[PDB]
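First the structure, in the form of structure tokens, and then the observations on it.
Positions of Cβ are generated from backbone atoms using ideal geometry, with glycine treated the same way; all protein chains shown enter the neighbour counts. None of the figures in this text is laboratory data; all of them are computed from the coordinates on show.
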2 protein chains.
Amino acid sequence: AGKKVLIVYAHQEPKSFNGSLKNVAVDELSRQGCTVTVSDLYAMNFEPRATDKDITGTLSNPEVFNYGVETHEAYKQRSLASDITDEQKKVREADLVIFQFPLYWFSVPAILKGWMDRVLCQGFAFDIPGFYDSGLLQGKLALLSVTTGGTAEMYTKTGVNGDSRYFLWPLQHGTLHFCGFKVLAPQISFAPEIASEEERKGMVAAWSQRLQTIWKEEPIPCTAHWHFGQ
Amino acid sequence: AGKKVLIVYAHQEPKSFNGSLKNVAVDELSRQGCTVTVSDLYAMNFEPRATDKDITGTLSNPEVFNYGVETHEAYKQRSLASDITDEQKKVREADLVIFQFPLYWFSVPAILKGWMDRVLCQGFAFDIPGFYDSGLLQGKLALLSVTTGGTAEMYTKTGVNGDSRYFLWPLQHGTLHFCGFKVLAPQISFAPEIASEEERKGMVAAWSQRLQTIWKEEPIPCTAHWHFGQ
Ligand SMILES: Cc1cc2nc3c(=O)[nH]c(=O)nc-3n(C[C@H](O)[C@H](O)[C@H](O)COP(=O)(O)OP(=O)(O)OC[C@H]3O[C@@H](n4cnc5c(N)ncnc54)[C@H](O)[C@@H]3O)c2cc1C
Ligand SMILES: Cc1cc2nc3c(=O)[nH]c(=O)nc-3n(C[C@H](O)[C@H](O)[C@H](O)COP(=O)(O)OP(=O)(O)OC[C@H]3O[C@@H](n4cnc5c(N)ncnc54)[C@H](O)[C@@H]3O)c2cc1C
Ligand SMILES: NCCc1ccc(O)c(O)c1
Ligand SMILES: NCCc1ccc(O)c(O)c1
Ligand SMILES: [Zn+2]
Ligand SMILES: [Zn+2]
């Protein structure tokens with residue numbers, strides 16, 4: 001049995017280091033015989049804002065608009081904007097979801113943050129109760145492939161930016177694990193802009209290389225100890 | 001000599017708890033004689049996406065688009081889109097910047113992440129020469145006023161969501177502190193949707209009561225130790 005992979009990509013320039021990491025993922029997974037799909041957010045001019053335009057049906061409460069309540073209800077009724085449902089179908093069938101993006105303020109670019117806000121709604125990605133290990137997307141794997149401006153050294157406990165794992169918390173635990181995803185070790189390609197030609201090729205080669213045996217990997221213990229140690 | 005306050009508000013509903021917190025801040029700071037300005041992102045339909053449209057005229061390299069460089073260059077060349085510059089002016093004149101928003105996936109809603117991504121560009125909020133304690137916005141104060149779905153109990157080091165200080169790291173340290181901001185202790189209104197009307201009032205009152213002496217408050221030590229340590 002093969003596998004389906006969804007790459008949610010967030011970069012404006014195809015020739016970027018991110019674009020290369022993305023194309024590398026596509027080529028390698030495609031070579032393995034895997035089914036691959038890419039959601040190129042910027043090329044899709046993907047809507048990041050969570051507004052009442054995401055609901056098409058009669059609102060549960062037209063007097064006071066509550067995004068969470070309205071999208072939860074719209075999901076069950078099937079009155080969500082189609083751009084949201086198109087993404088949910090991709091995630092639903094996916095066995096692995098890779099996020100390829102440059103770090104923006106210790107997080108994901110707003111266009112990708114919007115994807116997370118609008119696509120992972122209650123009813124589809126999780127339920128109350130029905131989160132974390134009970135998240136609705138349980139059984140699926142997720143992986144963050146991040147590029148940075150800061151060097152590995154800066155991203156250390158005693159470094160100026162602190163350990164890289166610190167900023168992964170909101171994404172891996174607060175979002176992915178919350179929805180039931182098993183999180184694979186993140187792929188951080190440190191400061192490609194500062195790196196030399198050979199170092200950049202090595203970073204890219206390491207990515208595709210790791211992808212060759214990605215199906216053999218085990219997820220990380222997405223806990224506070226893993227991220228912070230303490 | 002009077003103070004200037006900018007409130008970056010991120011909520012779709014005026015009758016919301018977030019809306020009330022913002023209105024209470026405007027009322028209290030206005031009563032004190034403070035100069036107050038509010039950036040209602042949703043009402044402004046603020047653009048969250050970082051694209052080449054953020055640069056006016058012609059790009060310094062229309063071959064390969066590098067947002068960071070193009071915006072840095074555009075800033076120094078006074079060629080940024082007006083929505084961006086309108087915000088920077090409010091920021092530059094402000095003595096205190098309050099962010100009022102509901103917690104979305106352990107972070108800010110995408111529309112607000114976009115504000116941070118696009119408004120705090122290189123040359124304005126920071127530069128290789130000066131960052132963090134030497135950020136270009138040094139001297140100014142920043143304060144996060146966030147509302148959550150989860151309860152205070154859930155937000156403890158041994159709780160399901162972990163300690164709230166954990167998700168503050170990317171925002172307070174990675175973003176605000178990085179730009180020279182002195183960070184005031186966050187204002188977190190835990191689960192207002194769960195709490196009772198009396199408890200909700202208590203929360204809003206603590207906020208307004210706190211605003212009475214915010215100018216007397218001392219900045220928190222934005223350190224890895226403060227967020228993660230004991
Ligand atoms: C709003 C904003 C916020 C930011 N916040 C943060 C933050 O909080 N923390 C942080 O650390 N950084 C931050 N950054 C910096 C950001 O993370 C980096 O600029 C980004 O990750 C670099 O990745 P890239 O793909 O854009 O690089 P590129 O500039 O595209 O790549 C660098 C070089 O790679 C070359 N290249 C491309 N493909 C290949 C290939 N296959 N082989 C060899 N070379 C190749 C390119 O041609 C180029 O010369 C921020 C940037 C912005 C704009
Ligand atoms: C996409 C998305 C992602 C999310 N991610 C997270 C997450 O990672 N972690 C987390 O903990 N939560 C998360 N949440 C939940 C979110 O943080 C809460 O729903 C939100 O903070 C509630 O604030 P509110 O202003 O919307 O509440 P409201 O529903 O507007 O307020 C609750 C009650 O307050 C009443 N009220 C209004 N004004 C007043 C007043 N002046 N005095 C007294 N009562 C008043 C209202 O009328 C209402 O009945 C997420 C929600 C969404 C939609
Ligand atoms: N319908 C939004 C309610 C909600 C509460 C907690 C979360 O972690 C989350 O992603 C969403
Ligand atoms: N010119 C972007 C480089 C950069 C590096 C680290 C940051 O924290 C940041 O905001 C921006
Ligand atoms: Zn976790
Ligand atoms: Zn700090």
ask   = For B:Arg78, B:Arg210, what's the fewest-to-most ordering of other Cβ within 10 Å of each Cβ?
value = B:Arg78, B:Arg210
query = Within segment A:88-191, what percent of beta bridges assigned by DSSP are antiparallel, to the nearest 5?
reply = 5 percent
B:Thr156-B:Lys53 FRET efficiency (beta carbon distance; Förster radius 35 Å; 0.05 resolution) = 0.20
note = Mean per-residue count of partner chain Cβ within 10 Å for B:81-93 equals 0
request  = Answer with one residue from B:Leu211, B:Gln32, B:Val97: the one whose Cα lies farthest towards the positive end of the charge dipole of chain B, charges on Cβ with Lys, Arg +1 and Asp, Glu -1.
outcome  = B:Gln32
Mean Cα-pair separation over length for chain A, i.e. relative contact order, pairs under 8 Å, 6 or more apart, % = 21 percent
note = Projected convex hull area of segment A:56-185, Cα atoms, direction-averaged, in nm², equals 9.0 nm²
message = As a test, work out the antiparallel percent of DSSP beta bridges whose residues both lie in chain B, rounded to the nearest 5.
response = 10 percent
note = Most fluctuating of B:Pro170, B:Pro14, B:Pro102 in the GNM of chain B (C-alpha, under 10 Å) is B:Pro14
ask   = Counting partner chain Cβ atoms within 10 Å of every residue's Cβ in A:112-118, what's the average?
value = 5
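Let me confirm one metric for peptide B:98-111, namely the mean number of other chain beta-carbon atoms within 10 Å of its residues' beta-carbons.
Per residue, the number of nearby Cβ atoms from other chains is 6 on average.
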ask   = Using modelled backbone amide H atoms (1.01 Å from N, in-plane), which distant-in-sequence or interchain residues come within less than 5 Å of A:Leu136's amide H?
value = A:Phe126, A:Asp127
task = Place the peptides B:217-230, B:144-157, A:30-43 in order of packing, highest mean first, counting for every residue the other Cβ atoms within 10 Å and averaging per peptide.
result = B:144-157, A:30-43, B:217-230
query = Using +1 on the beta carbon of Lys and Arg, -1 on that of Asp and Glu, and nothing else charged, what's the dipole of chain B about the Cα centre, debye to 20?
reply = 440 debye
task = Express the C-alpha Rg of the protein assembly as shown as a ratio against the empirical globular expectation 2.2 N^0.38 Å, rounded to two decimals.
result = 0.95
message = Over the Cα atoms of chain A, each weighted equally, I'd like the Debye log10 I(q)/I(0) at q = 0.18 Å⁻¹, rounded to two decimals.
response = -1.44
Relative contact order (%) - segment B:1-108, alpha-carbon pairs under 8 angstrom, separation at least six = 42 percent
ask   = Given B:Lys4/B:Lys76; A:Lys89/A:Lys182; A:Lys15/A:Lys140; A:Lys22/A:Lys201; A:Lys90/A:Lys182; A:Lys22/A:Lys90, which pairs have Cα atoms separated by over 23 Å?
value = B:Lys4/B:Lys76; A:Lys15/A:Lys140
ask   = GluC sites (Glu not before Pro), restricted to segment B:53-148: which are DSSP loop and have at most 13 other Cβ atoms within 10 Å?
value = B:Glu63
